[PDB]
Number of protein chains: 2
Amino acid sequence: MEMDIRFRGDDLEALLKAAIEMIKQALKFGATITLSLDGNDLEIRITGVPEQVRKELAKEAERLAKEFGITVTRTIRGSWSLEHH
Amino acid sequence: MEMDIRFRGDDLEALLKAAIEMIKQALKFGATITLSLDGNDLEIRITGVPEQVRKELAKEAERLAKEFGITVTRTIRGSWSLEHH
């Protein structure tokens with residue numbers, strides 16, 4: 001089960017600097033991370049992550065949202081978009 | 001702590017018919033629900049809900065995403081948008 005999140009609420013350089021620590025952690029978990037833009041939103045798909053890793057990455061996303069004063073949203077399990085990329 | 005979610009992936013009438021069951025449950029929990037459109041996305045803010053109620057509403061959102069083949073996203077705790085409406 002992948003996890004999909006979006007970063008928003010700042011310019012792309014700033015969203016990328018927020019994202020980079022989560023990307024690093026995902027990478028070390030053995031995950032595959034897919035990035036793309038949707039307007040001013042940064043879309044992040046993370047695959048190859050089991051339940052516990054998704055929980056940990058969600059905690060990291062929360063820390064980053066707080067750290068940088070941005071908004072992070074996460075696709076809820078069962079969503080059409082999760083299995084139709 | 002409020003919870004913010006977005007419904008997307010269908011026309012507004014269909015997103016509203018998906019949303020209506022979650023709205024009803026939120027209402028009965030004693031919540032205050034705020035609705036607005038952002039393009040084709042339905043934005044839903046739910047306030048006056050404690051931790052356990054948010055968990056239950058998140059489970060309902062998952063059931064609705066599955067039921068209707070739509071996408072539901074949720075704002076992660078700590079996000080700027082949660083305390084800056």
Side-chain angles (χ1 to χ4, degrees), chain A residues 1-12 14-19 21-23 25-26 34 36-46 49 51 53-85, chain B residues 1-12 14-19 21-23 25-26 34 36-46 49 51 53-85:
Chain A
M1 176 75 264
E2 75 188 64
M3 93 194 264
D4 291 357
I5 64 174
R6 289 197 185 192
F7 279 45
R8 57 177 169 84
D10 213 338
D11 51 50
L12 183 56
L15 296 176
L16 280 177
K17 85 164 183 167
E21 183 67 24
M22 194 179 181
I23 301 177
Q25 296 190 359
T34 302
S36 63
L37 254 41
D38 180 6
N40 301 321
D41 294 352
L42 175 66
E43 301 177 336
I44 306 178
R45 299 174 52 190
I46 307 178
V49 287
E51 177 177 350
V53 174
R54 299 195 296 273
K55 290 180 183 173
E56 295 171 1
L57 289 173
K59 292 181 67 179
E60 167 73 1
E62 169 171 1
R63 289 191 296 268
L64 295 173
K66 290 174 175 177
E67 186 183 354
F68 292 108
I70 61 171
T71 290
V72 183
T73 62
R74 177 174 182 196
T75 301
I76 293 181
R77 188 173 177 115
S79 290
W80 186 259
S81 63
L82 276 176
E83 298 170 357
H84 299 90
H85 290 279
Chain B
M1 176 75 264
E2 75 188 64
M3 93 194 264
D4 291 357
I5 64 174
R6 289 197 185 192
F7 279 45
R8 57 177 169 84
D10 213 338
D11 51 50
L12 183 56
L15 296 176
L16 280 177
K17 85 164 183 167
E21 183 67 24
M22 194 179 181
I23 301 177
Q25 296 190 359
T34 302
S36 63
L37 254 41
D38 180 6
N40 301 321
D41 294 352
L42 175 66
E43 301 177 336
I44 306 178
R45 299 174 52 190
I46 307 178
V49 287
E51 177 177 350
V53 174
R54 299 195 296 273
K55 290 180 183 173
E56 295 171 1
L57 289 173
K59 292 181 67 179
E60 167 73 1
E62 169 171 1
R63 289 191 296 268
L64 295 173
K66 290 174 175 177
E67 186 183 354
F68 292 108
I70 61 171
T71 290
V72 183
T73 62
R74 177 174 182 196
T75 301
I76 293 181
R77 188 173 177 115
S79 290
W80 186 259
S81 63
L82 276 176
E83 298 170 357
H84 299 90
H85 290 279

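Hydrogens, waters and symmetry mates are skipped; everything else that's a heavy atom, side chains included, is used. Proteins come first, then strands; the chains are lettered A, B, ... in the order of their sequence lines, and each starts at number 1.
The shortest non-hydrogen separation linking B:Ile76 to A:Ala61 is CD1-CB, 3.7 Å. What you find for A:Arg77 and B:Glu62 is that their closest heavy atoms are O-CG, 3.1 Å.
The backbone N or O of A:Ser81 sits less than 3.5 Å from a side-chain atom of B:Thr71, completing a donor-acceptor pair. In this structure, A:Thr73 contributes its side chain and B:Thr73 its backbone to no donor-acceptor pair below 3.5 Å.
Using a 4.5 Å heavy-atom threshold, the side chains of A:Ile70 and B:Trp80 count as separate.
Most heavy-atom pairs under 4.5 Å with chain A, from the set B:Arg63, B:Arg74, B:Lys66: that is B:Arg74.
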